[PDB]
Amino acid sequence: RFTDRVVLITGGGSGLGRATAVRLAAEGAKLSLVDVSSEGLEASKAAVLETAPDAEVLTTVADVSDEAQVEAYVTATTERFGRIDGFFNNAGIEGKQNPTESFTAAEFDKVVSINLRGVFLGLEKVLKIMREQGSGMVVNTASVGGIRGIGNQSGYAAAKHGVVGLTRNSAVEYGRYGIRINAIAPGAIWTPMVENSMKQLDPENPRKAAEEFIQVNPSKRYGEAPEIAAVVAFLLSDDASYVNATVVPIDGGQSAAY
(Lines of atoms letter the chains of each structure in order from A and count residues from 1; the text may use other names and numbers.)
(Lines give C-alpha, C1' and ligand atoms only; values in the text may rest on other atoms or scores of the structure.)
Protein backbone atom coordinates (compact mmCIF):
# COMPACT_ATOMS: atom_id res chain seq x y z
CA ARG A 1 0.00 0.00 0.00
CA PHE A 2 3.07 2.23 0.17
CA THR A 3 4.94 1.68 -3.10
CA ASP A 4 6.94 4.87 -3.79
CA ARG A 5 5.11 6.75 -1.02
CA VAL A 6 7.18 9.01 1.24
CA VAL A 7 6.66 8.68 4.99
CA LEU A 8 8.24 10.98 7.58
CA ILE A 9 8.65 9.58 11.11
CA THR A 10 9.77 11.48 14.22
CA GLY A 11 11.12 9.43 17.11
CA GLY A 12 12.17 7.03 14.37
CA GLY A 13 15.31 5.91 16.17
CA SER A 14 13.53 3.53 18.55
CA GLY A 15 10.42 1.66 19.70
CA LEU A 16 7.19 2.43 17.85
CA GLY A 17 8.95 4.70 15.37
CA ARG A 18 11.37 1.94 14.38
CA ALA A 19 8.72 -0.80 14.22
CA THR A 20 6.59 1.44 12.02
CA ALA A 21 9.58 2.18 9.76
CA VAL A 22 10.14 -1.54 9.27
CA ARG A 23 6.47 -2.28 8.50
CA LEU A 24 6.16 0.61 6.05
CA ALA A 25 9.40 -0.39 4.31
CA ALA A 26 8.01 -3.90 3.88
CA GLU A 27 5.06 -2.26 2.13
CA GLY A 28 7.34 -0.37 -0.27
CA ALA A 29 7.64 3.02 1.42
CA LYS A 30 10.46 5.54 1.11
CA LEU A 31 11.42 6.76 4.58
CA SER A 32 12.67 9.89 6.32
CA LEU A 33 13.51 9.18 9.97
CA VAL A 34 14.01 11.94 12.56
CA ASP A 35 15.36 11.62 16.12
CA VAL A 36 17.74 13.31 18.57
CA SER A 37 19.77 10.08 18.69
CA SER A 38 22.06 9.39 15.73
CA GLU A 39 22.80 6.01 17.30
CA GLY A 40 19.12 5.12 17.27
CA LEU A 41 18.66 6.34 13.71
CA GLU A 42 21.59 4.18 12.54
CA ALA A 43 20.06 1.08 14.15
CA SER A 44 16.59 1.78 12.72
CA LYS A 45 17.96 2.16 9.19
CA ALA A 46 19.83 -1.13 9.61
CA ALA A 47 16.65 -2.80 10.86
CA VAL A 48 14.80 -1.47 7.83
CA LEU A 49 17.37 -2.71 5.32
CA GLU A 50 17.19 -6.20 6.85
CA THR A 51 13.52 -6.35 5.84
CA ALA A 52 13.76 -4.27 2.66
CA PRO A 53 17.29 -4.24 1.14
CA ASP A 54 16.32 -1.78 -1.62
CA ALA A 55 14.53 0.64 0.69
CA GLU A 56 15.49 4.32 0.49
CA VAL A 57 16.02 5.65 4.02
CA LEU A 58 17.03 9.17 5.01
CA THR A 59 18.03 9.96 8.60
CA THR A 60 18.13 13.39 10.23
CA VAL A 61 19.09 14.44 13.76
CA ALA A 62 16.68 17.02 15.14
CA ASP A 63 15.00 18.13 18.38
CA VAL A 64 11.23 18.39 17.81
CA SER A 65 10.84 21.02 20.54
CA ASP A 66 12.99 23.46 18.52
CA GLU A 67 11.08 25.15 15.68
CA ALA A 68 14.25 25.78 13.65
CA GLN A 69 15.13 22.09 13.82
CA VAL A 70 11.60 21.08 12.84
CA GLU A 71 11.85 23.21 9.70
CA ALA A 72 15.24 21.55 9.18
CA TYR A 73 13.96 17.96 9.17
CA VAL A 74 11.02 18.93 6.95
CA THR A 75 13.36 20.63 4.44
CA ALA A 76 15.73 17.65 4.50
CA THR A 77 12.81 15.36 3.66
CA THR A 78 11.43 17.42 0.77
CA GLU A 79 14.86 18.03 -0.77
CA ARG A 80 15.52 14.29 -0.77
CA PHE A 81 12.10 12.96 -1.79
CA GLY A 82 10.21 15.96 -3.18
CA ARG A 83 7.02 15.35 -1.20
CA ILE A 84 5.52 14.00 2.04
CA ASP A 85 2.71 11.43 1.75
CA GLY A 86 2.60 10.19 5.34
CA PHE A 87 3.61 11.73 8.66
CA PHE A 88 3.97 9.78 11.92
CA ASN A 89 4.21 12.62 14.48
CA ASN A 90 5.54 10.28 17.15
CA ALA A 91 8.48 11.61 19.23
CA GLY A 92 7.94 11.81 22.99
CA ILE A 93 9.16 11.23 26.56
CA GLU A 94 7.39 10.07 29.73
CA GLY A 95 8.58 12.48 32.39
CA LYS A 96 9.44 11.77 36.03
CA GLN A 97 6.52 10.19 37.92
CA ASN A 98 5.11 12.17 40.86
CA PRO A 99 1.71 13.20 42.30
CA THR A 100 0.42 16.57 41.08
CA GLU A 101 1.62 18.55 44.12
CA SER A 102 5.18 17.24 43.64
CA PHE A 103 5.43 17.04 39.84
CA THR A 104 7.27 20.41 39.54
CA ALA A 105 6.85 23.13 36.93
CA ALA A 106 10.25 22.36 35.41
CA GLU A 107 9.30 18.76 34.61
CA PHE A 108 5.83 19.81 33.42
CA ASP A 109 7.39 22.32 31.03
CA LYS A 110 9.88 19.73 29.76
CA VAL A 111 7.25 17.11 28.92
CA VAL A 112 4.95 19.69 27.32
CA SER A 113 7.73 21.13 25.13
CA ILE A 114 8.53 17.77 23.53
CA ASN A 115 5.23 15.86 23.60
CA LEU A 116 2.82 18.70 22.82
CA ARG A 117 4.76 21.59 21.30
CA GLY A 118 6.77 19.20 19.16
CA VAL A 119 3.59 17.70 17.74
CA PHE A 120 2.18 21.17 17.07
CA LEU A 121 5.33 22.30 15.26
CA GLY A 122 5.38 19.18 13.10
CA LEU A 123 1.77 19.76 12.09
CA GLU A 124 2.35 23.46 11.41
CA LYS A 125 5.16 22.72 8.95
CA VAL A 126 3.93 19.48 7.35
CA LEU A 127 0.27 20.42 6.83
CA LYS A 128 1.27 23.36 4.62
CA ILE A 129 3.07 20.97 2.28
CA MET A 130 0.23 18.44 2.32
CA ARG A 131 -2.36 21.13 1.53
CA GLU A 132 -0.28 22.24 -1.46
CA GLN A 133 -0.12 18.59 -2.55
CA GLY A 134 -3.85 18.17 -2.15
CA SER A 135 -3.14 14.94 -0.25
CA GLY A 136 -1.55 13.47 2.85
CA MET A 137 -2.10 11.24 5.88
CA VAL A 138 -1.04 12.05 9.43
CA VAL A 139 -0.93 10.02 12.64
CA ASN A 140 -0.14 11.74 15.93
CA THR A 141 0.96 9.50 18.78
CA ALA A 142 -1.18 10.15 21.84
CA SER A 143 -1.58 7.49 24.55
CA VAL A 144 -4.29 5.91 26.68
CA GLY A 145 -3.07 8.61 29.07
CA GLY A 146 -4.39 11.02 26.48
CA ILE A 147 -7.99 9.86 26.92
CA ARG A 148 -7.95 8.51 30.49
CA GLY A 149 -6.28 9.27 33.81
CA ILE A 150 -3.33 7.04 34.72
CA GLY A 151 -2.10 8.93 37.78
CA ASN A 152 1.29 10.37 38.77
CA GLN A 153 1.84 11.82 35.30
CA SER A 154 0.58 15.43 35.23
CA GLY A 155 2.87 16.44 32.38
CA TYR A 156 2.26 13.38 30.23
CA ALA A 157 -1.50 13.44 30.79
CA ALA A 158 -1.73 17.12 29.90
CA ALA A 159 0.54 16.77 26.86
CA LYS A 160 -1.03 13.62 25.44
CA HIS A 161 -4.58 14.91 25.92
CA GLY A 162 -3.26 18.01 24.15
CA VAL A 163 -2.17 15.85 21.21
CA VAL A 164 -5.72 14.53 20.88
CA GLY A 165 -6.90 18.14 20.83
CA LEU A 166 -4.48 19.06 18.04
CA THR A 167 -5.64 15.99 16.14
CA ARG A 168 -9.33 16.95 16.38
CA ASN A 169 -8.84 20.65 15.63
CA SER A 170 -6.45 20.14 12.69
CA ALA A 171 -8.58 17.33 11.26
CA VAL A 172 -11.59 19.65 11.12
CA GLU A 173 -9.52 22.28 9.28
CA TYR A 174 -7.77 20.10 6.68
CA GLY A 175 -10.27 17.33 5.96
CA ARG A 176 -11.64 19.34 3.04
CA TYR A 177 -8.39 18.84 1.10
CA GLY A 178 -8.54 15.05 1.33
CA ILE A 179 -6.00 15.08 4.14
CA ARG A 180 -6.67 12.80 7.11
CA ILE A 181 -5.33 13.39 10.61
CA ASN A 182 -5.86 10.77 13.31
CA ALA A 183 -4.25 9.74 16.57
CA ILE A 184 -3.30 6.41 18.10
CA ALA A 185 -3.66 5.79 21.83
CA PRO A 186 -1.27 2.96 22.67
CA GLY A 187 -1.57 1.25 26.03
CA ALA A 188 0.92 -1.15 27.60
CA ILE A 189 3.25 -1.86 24.67
CA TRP A 190 6.65 -3.34 25.51
CA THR A 191 8.98 -0.60 24.27
CA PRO A 192 11.98 1.21 25.80
CA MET A 193 9.73 3.94 27.26
CA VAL A 194 7.40 1.46 28.95
CA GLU A 195 10.31 -0.63 30.24
CA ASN A 196 11.75 2.52 31.83
CA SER A 197 8.30 3.49 33.10
CA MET A 198 8.11 0.26 35.09
CA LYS A 199 11.61 1.04 36.37
CA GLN A 200 10.17 4.27 37.80
CA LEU A 201 7.13 2.55 39.30
CA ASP A 202 9.28 0.11 41.29
CA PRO A 203 13.07 0.69 41.09
CA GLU A 204 13.70 -2.33 43.33
CA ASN A 205 11.61 -4.74 41.26
CA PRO A 206 10.62 -3.50 37.79
CA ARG A 207 9.61 -7.01 36.72
CA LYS A 208 7.04 -7.21 39.52
CA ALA A 209 5.73 -3.75 38.62
CA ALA A 210 5.31 -4.78 34.98
CA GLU A 211 3.53 -8.04 35.84
CA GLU A 212 1.20 -6.30 38.30
CA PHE A 213 0.32 -3.51 35.86
CA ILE A 214 -0.91 -5.87 33.14
CA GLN A 215 -3.04 -8.12 35.36
CA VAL A 216 -6.23 -6.09 34.86
CA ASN A 217 -5.92 -5.83 31.06
CA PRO A 218 -8.72 -7.70 29.17
CA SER A 219 -6.17 -9.22 26.77
CA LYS A 220 -4.01 -10.37 29.71
CA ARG A 221 -0.76 -9.47 27.95
CA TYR A 222 1.46 -6.60 26.84
CA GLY A 223 1.25 -5.51 23.23
CA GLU A 224 4.31 -5.60 20.96
CA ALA A 225 5.69 -2.78 18.77
CA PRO A 226 4.75 -4.43 15.45
CA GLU A 227 1.12 -4.50 16.63
CA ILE A 228 1.22 -0.70 16.79
CA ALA A 229 3.04 -0.46 13.47
CA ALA A 230 0.23 -2.44 11.83
CA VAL A 231 -2.36 0.10 12.97
CA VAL A 232 -0.23 3.08 11.94
CA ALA A 233 0.30 1.51 8.51
CA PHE A 234 -3.48 1.26 8.15
CA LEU A 235 -4.04 4.90 9.19
CA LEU A 236 -1.37 6.20 6.79
CA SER A 237 -2.70 4.19 3.83
CA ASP A 238 -5.60 4.66 1.40
CA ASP A 239 -7.55 2.23 3.57
CA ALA A 240 -8.16 5.11 6.00
CA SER A 241 -9.43 7.44 3.26
CA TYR A 242 -12.62 8.27 5.19
CA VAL A 243 -11.27 7.98 8.76
CA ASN A 244 -10.60 11.44 10.21
CA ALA A 245 -10.22 13.15 13.60
CA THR A 246 -10.32 9.79 15.38
CA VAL A 247 -8.40 8.36 18.31
CA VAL A 248 -7.71 4.64 17.98
CA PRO A 249 -6.83 2.93 21.27
CA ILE A 250 -4.43 -0.01 20.88
CA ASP A 251 -4.61 -1.29 24.43
CA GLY A 252 -6.12 -4.76 24.47
CA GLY A 253 -9.42 -3.17 25.48
CA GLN A 254 -8.58 -1.57 28.83
CA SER A 255 -9.69 2.00 28.12
CA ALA A 256 -13.20 0.70 27.35
CA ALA A 257 -13.29 -1.49 30.47
CA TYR A 258 -14.84 -0.19 33.69
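All residue numbers are counted from 1 along the displayed sequence.
- Taking only CA atoms, the mean B-factor in the PDB entry is higher for 70 to 78 than for the other of 70 to 78 and 160 to 168.
- Of the two stretches examined, 31 to 39 and 201 to 209, the record assigns the greater average C-alpha temperature factor to 201 to 209.
- The deposited CA B-factor of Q254 belongs to the lowest third of values across its chain.
- When the modelled residues of the chain are ordered by their C-alpha B factor, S237 lands in the middle third.
- Per the deposited record, the Cα B-factor of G17 falls in the lowest third when ranked against the other modelled residues of its chain.
- Sort the chain's modelled residues by C-alpha temperature factor and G134 lands in the highest third, per the entry.
- The entry lists a Cα temperature factor for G95 that places it in the highest third of the chain's modelled residues.
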